[PDB]
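K.L.:
Got a file for you: data.pdb, PDB, C-alpha atoms.
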ATOM      1  CA  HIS A 675       0.000   0.000   0.000  1.00  0.00           C
ATOM      2  CA  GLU A 676       1.125   3.540  -0.801  1.00  0.00           C
ATOM      3  CA  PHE A 677       0.176   6.417   1.506  1.00  0.00           C
ATOM      4  CA  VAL A 678      -0.069   9.657  -0.478  1.00  0.00           C
ATOM      5  CA  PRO A 679       0.558  12.993   1.301  1.00  0.00           C
ATOM      6  CA  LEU A 680      -2.769  14.241   2.654  1.00  0.00           C
ATOM      7  CA  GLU A 681      -3.706  17.323   4.661  1.00  0.00           C
ATOM      8  CA  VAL A 682      -6.975  19.126   5.343  1.00  0.00           C
ATOM      9  CA  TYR A 683      -5.421  22.603   5.104  1.00  0.00           C
ATOM     10  CA  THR A 684      -2.047  23.583   3.691  1.00  0.00           C
ATOM     11  CA  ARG A 685       0.216  26.250   5.170  1.00  0.00           C
ATOM     12  CA  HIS A 686      -0.949  28.637   2.447  1.00  0.00           C
ATOM     13  CA  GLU A 687      -4.611  28.011   3.270  1.00  0.00           C
ATOM     14  CA  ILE A 688      -4.022  28.696   6.966  1.00  0.00           C
ATOM     15  CA  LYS A 689      -2.044  31.872   6.261  1.00  0.00           C
ATOM     16  CA  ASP A 690      -4.722  33.024   3.791  1.00  0.00           C
ATOM     17  CA  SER A 691      -7.488  32.397   6.343  1.00  0.00           C
ATOM     18  CA  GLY A 692      -6.456  35.693   7.959  1.00  0.00           C
ATOM     19  CA  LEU A 693      -8.479  38.706   6.856  1.00  0.00           C
ATOM     20  CA  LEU A 694      -5.576  41.186   6.911  1.00  0.00           C
ATOM     21  CA  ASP A 695      -1.850  40.531   6.517  1.00  0.00           C
ATOM     22  CA  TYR A 696       0.424  43.148   8.070  1.00  0.00           C
ATOM     23  CA  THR A 697       3.313  42.397   5.712  1.00  0.00           C
ATOM     24  CA  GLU A 698       1.263  42.714   2.518  1.00  0.00           C
ATOM     25  CA  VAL A 699      -0.610  45.799   3.734  1.00  0.00           C
ATOM     26  CA  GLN A 700       2.683  47.471   4.642  1.00  0.00           C
ATOM     27  CA  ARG A 701       4.269  46.457   1.331  1.00  0.00           C
ATOM     28  CA  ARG A 702       1.386  47.975  -0.626  1.00  0.00           C
ATOM     29  CA  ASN A 703       1.064  51.092   1.553  1.00  0.00           C
ATOM     30  CA  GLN A 704       4.766  51.967   1.465  1.00  0.00           C
ATOM     31  CA  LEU A 705       4.835  51.923  -2.354  1.00  0.00           C
ATOM     32  CA  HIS A 706       2.401  54.859  -2.414  1.00  0.00           C
ATOM     33  CA  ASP A 707       5.167  57.439  -2.790  1.00  0.00           C
ATOM     34  CA  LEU A 708       6.921  55.379  -5.473  1.00  0.00           C
ATOM     35  CA  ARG A 709       3.681  54.915  -7.427  1.00  0.00           C
ATOM     36  CA  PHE A 710       1.645  58.120  -7.084  1.00  0.00           C
ATOM     37  CA  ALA A 711       4.449  60.616  -6.439  1.00  0.00           C
ATOM     38  CA  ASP A 712       7.741  61.828  -7.887  1.00  0.00           C
ATOM     39  CA  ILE A 713      10.232  61.420  -5.053  1.00  0.00           C
ATOM     40  CA  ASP A 714      13.358  62.413  -6.989  1.00  0.00           C
ATOM     41  CA  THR A 715      12.272  65.755  -8.466  1.00  0.00           C
ATOM     42  CA  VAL A 716      13.240  68.908  -6.564  1.00  0.00           C
ATOM     43  CA  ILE A 717      11.507  72.174  -7.460  1.00  0.00           C
ATOM     44  CA  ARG A 718      13.255  75.446  -6.617  1.00  0.00           C
ATOM     45  CA  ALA A 719      11.873  78.802  -7.769  1.00  0.00           C
TER
ATOM     46  CA  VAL B 486     -28.840  26.195  10.875  1.00  0.00           C
ATOM     47  CA  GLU B 487     -25.312  25.596  12.162  1.00  0.00           C
ATOM     48  CA  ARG B 488     -21.761  25.703  10.817  1.00  0.00           C
ATOM     49  CA  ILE B 489     -19.699  22.513  10.948  1.00  0.00           C
ATOM     50  CA  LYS B 490     -16.169  22.760  12.336  1.00  0.00           C
ATOM     51  CA  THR B 491     -13.540  20.640  10.579  1.00  0.00           C
ATOM     52  CA  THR B 492     -10.480  19.325  12.393  1.00  0.00           C
ATOM     53  CA  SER B 493      -7.053  20.201  11.011  1.00  0.00           C
ATOM     54  CA  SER B 494      -5.652  16.655  11.339  1.00  0.00           C
ATOM     55  CA  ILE B 495      -7.009  13.950   9.038  1.00  0.00           C
ATOM     56  CA  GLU B 496      -4.342  11.572  10.326  1.00  0.00           C
ATOM     57  CA  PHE B 497      -6.673   9.829  12.776  1.00  0.00           C
ATOM     58  CA  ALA B 498      -8.840   8.674   9.873  1.00  0.00           C
ATOM     59  CA  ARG B 499      -5.746   7.439   8.054  1.00  0.00           C
ATOM     60  CA  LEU B 500      -4.724   5.652  11.243  1.00  0.00           C
ATOM     61  CA  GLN B 501      -8.179   4.093  11.327  1.00  0.00           C
ATOM     62  CA  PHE B 502      -7.730   2.954   7.738  1.00  0.00           C
ATOM     63  CA  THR B 503      -4.373   1.391   8.538  1.00  0.00           C
ATOM     64  CA  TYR B 504      -5.654  -0.279  11.690  1.00  0.00           C
ATOM     65  CA  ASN B 505      -8.628  -1.578   9.742  1.00  0.00           C
ATOM     66  CA  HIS B 506      -6.613  -2.835   6.786  1.00  0.00           C
ATOM     67  CA  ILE B 507      -4.001  -4.803   8.723  1.00  0.00           C
ATOM     68  CA  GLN B 508      -6.513  -6.209  11.179  1.00  0.00           C
ATOM     69  CA  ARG B 509      -8.852  -7.404   8.451  1.00  0.00           C
ATOM     70  CA  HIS B 510      -6.046  -9.392   6.859  1.00  0.00           C
ATOM     71  CA  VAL B 511      -4.944 -10.972  10.108  1.00  0.00           C
ATOM     72  CA  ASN B 512      -8.525 -11.427  11.286  1.00  0.00           C
ATOM     73  CA  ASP B 513      -8.985 -13.441   8.108  1.00  0.00           C
ATOM     74  CA  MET B 514      -5.737 -15.376   7.839  1.00  0.00           C
ATOM     75  CA  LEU B 515      -5.390 -16.265  11.516  1.00  0.00           C
ATOM     76  CA  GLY B 516      -9.016 -17.365  11.420  1.00  0.00           C
ATOM     77  CA  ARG B 517      -8.310 -19.620   8.454  1.00  0.00           C
ATOM     78  CA  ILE B 518      -5.404 -21.116  10.385  1.00  0.00           C
ATOM     79  CA  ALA B 519      -7.735 -21.941  13.266  1.00  0.00           C
ATOM     80  CA  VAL B 520     -10.146 -23.651  10.888  1.00  0.00           C
ATOM     81  CA  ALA B 521      -7.302 -25.423   9.109  1.00  0.00           C
ATOM     82  CA  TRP B 522      -6.021 -26.443  12.525  1.00  0.00           C
ATOM     83  CA  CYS B 523      -9.339 -27.824  13.766  1.00  0.00           C
ATOM     84  CA  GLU B 524     -10.024 -29.930  10.684  1.00  0.00           C
TER
ATOM     85  CA  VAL C 486      14.766  25.856 -12.739  1.00  0.00           C
ATOM     86  CA  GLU C 487      11.908  25.427 -10.272  1.00  0.00           C
ATOM     87  CA  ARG C 488      11.324  25.389  -6.518  1.00  0.00           C
ATOM     88  CA  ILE C 489      10.336  22.210  -4.676  1.00  0.00           C
ATOM     89  CA  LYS C 490       7.240  22.580  -2.494  1.00  0.00           C
ATOM     90  CA  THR C 491       7.297  20.427   0.640  1.00  0.00           C
ATOM     91  CA  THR C 492       4.237  19.129   2.468  1.00  0.00           C
ATOM     92  CA  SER C 493       3.855  20.100   6.119  1.00  0.00           C
ATOM     93  CA  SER C 494       2.880  16.592   7.306  1.00  0.00           C
ATOM     94  CA  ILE C 495       5.442  13.781   7.351  1.00  0.00           C
ATOM     95  CA  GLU C 496       2.801  11.499   8.873  1.00  0.00           C
ATOM     96  CA  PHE C 497       2.184   9.832   5.507  1.00  0.00           C
ATOM     97  CA  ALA C 498       5.768   8.551   5.467  1.00  0.00           C
ATOM     98  CA  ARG C 499       5.570   7.377   9.084  1.00  0.00           C
ATOM     99  CA  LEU C 500       2.341   5.535   8.267  1.00  0.00           C
ATOM    100  CA  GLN C 501       4.113   4.034   5.258  1.00  0.00           C
ATOM    101  CA  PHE C 502       6.996   2.841   7.434  1.00  0.00           C
ATOM    102  CA  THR C 503       4.733   1.332  10.098  1.00  0.00           C
ATOM    103  CA  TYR C 504       2.535  -0.422   7.539  1.00  0.00           C
ATOM    104  CA  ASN C 505       5.580  -1.718   5.661  1.00  0.00           C
ATOM    105  CA  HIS C 506       7.145  -3.077   8.854  1.00  0.00           C
ATOM    106  CA  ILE C 507       3.969  -4.846   9.979  1.00  0.00           C
ATOM    107  CA  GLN C 508       3.343  -6.132   6.448  1.00  0.00           C
ATOM    108  CA  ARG C 509       6.854  -7.539   6.146  1.00  0.00           C
ATOM    109  CA  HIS C 510       6.674  -9.384   9.454  1.00  0.00           C
ATOM    110  CA  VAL C 511       3.181 -10.751   8.823  1.00  0.00           C
ATOM    111  CA  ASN C 512       4.031 -11.877   5.289  1.00  0.00           C
ATOM    112  CA  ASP C 513       7.196 -13.598   6.524  1.00  0.00           C
ATOM    113  CA  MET C 514       5.504 -15.415   9.405  1.00  0.00           C
ATOM    114  CA  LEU C 515       2.369 -16.517   7.546  1.00  0.00           C
ATOM    115  CA  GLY C 516       4.456 -17.618   4.573  1.00  0.00           C
ATOM    116  CA  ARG C 517       6.524 -19.737   6.945  1.00  0.00           C
ATOM    117  CA  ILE C 518       3.304 -21.139   8.424  1.00  0.00           C
ATOM    118  CA  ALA C 519       2.015 -22.041   4.956  1.00  0.00           C
ATOM    119  CA  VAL C 520       5.254 -23.806   4.020  1.00  0.00           C
ATOM    120  CA  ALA C 521       5.275 -25.724   7.307  1.00  0.00           C
ATOM    121  CA  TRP C 522       1.625 -26.721   6.854  1.00  0.00           C
ATOM    122  CA  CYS C 523       2.293 -28.047   3.356  1.00  0.00           C
ATOM    123  CA  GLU C 524       5.299 -30.036   4.548  1.00  0.00           C
TER
END
Do you think you could lay out the structure here as structure tokens?

P.N.:
Amino acid sequence: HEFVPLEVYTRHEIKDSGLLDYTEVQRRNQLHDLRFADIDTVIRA
Amino acid sequence: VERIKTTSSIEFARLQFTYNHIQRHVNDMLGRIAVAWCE
Amino acid sequence: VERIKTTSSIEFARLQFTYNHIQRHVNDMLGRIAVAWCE
């Protein structure tokens, strides 16, 4: 007999069960300046 | 109306399967031996 | 070039080992019994 690997929930399923992920929220939020803003440009009148 | 909670470890069922499988075989073969002995 | 994904439960392999061990012993002993009975 061969026993195949079986599991009710994977690690990914358990980690995805969470409603909010701090790492992903931070990663998306901290790209705001790089996406919607021009960090490099300096304006001097 | 109720939500069913599922355990995270299926292994018990697999254990059951194993314990069933093996035992069935022995519970047959040993039994045959007894019969073959008696006769 | 790909990454190997590993399951989080080794219990399948432990079940395999236990079943194999029990199977080997049972198949040896009952085979011996059959040969002895025939003789």

K.L.:
Spell out the residues picked by the PyMOL selection byres ((chain C) within 10 of (chain A)) here, as a list in words.

P.N.:
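Written out, the selection comes to residues 492, 493, 494, 495, 496, 497, 498, 499, 500, 501, 502, 504, 505 and 508 of chain C.
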
K.L.:
CA of residue 507 in chain B and CA of residue 515 in chain C are how many Å apart?

P.N.:
13.4 Å

K.L.:
Can you measure CA of residue 682 in chain A to CA of residue 489 in chain B for me? One decimal in Å is fine.

P.N.:
14.3 Å

K.L.:
Between CA of residue 490 in chain B and CA of residue 503 in chain B, what is the distance, to one decimal in Å?

P.N.:
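Interatomic distance, CA of residue 490 in chain B to CA of residue 503 in chain B: 24.7 Å.
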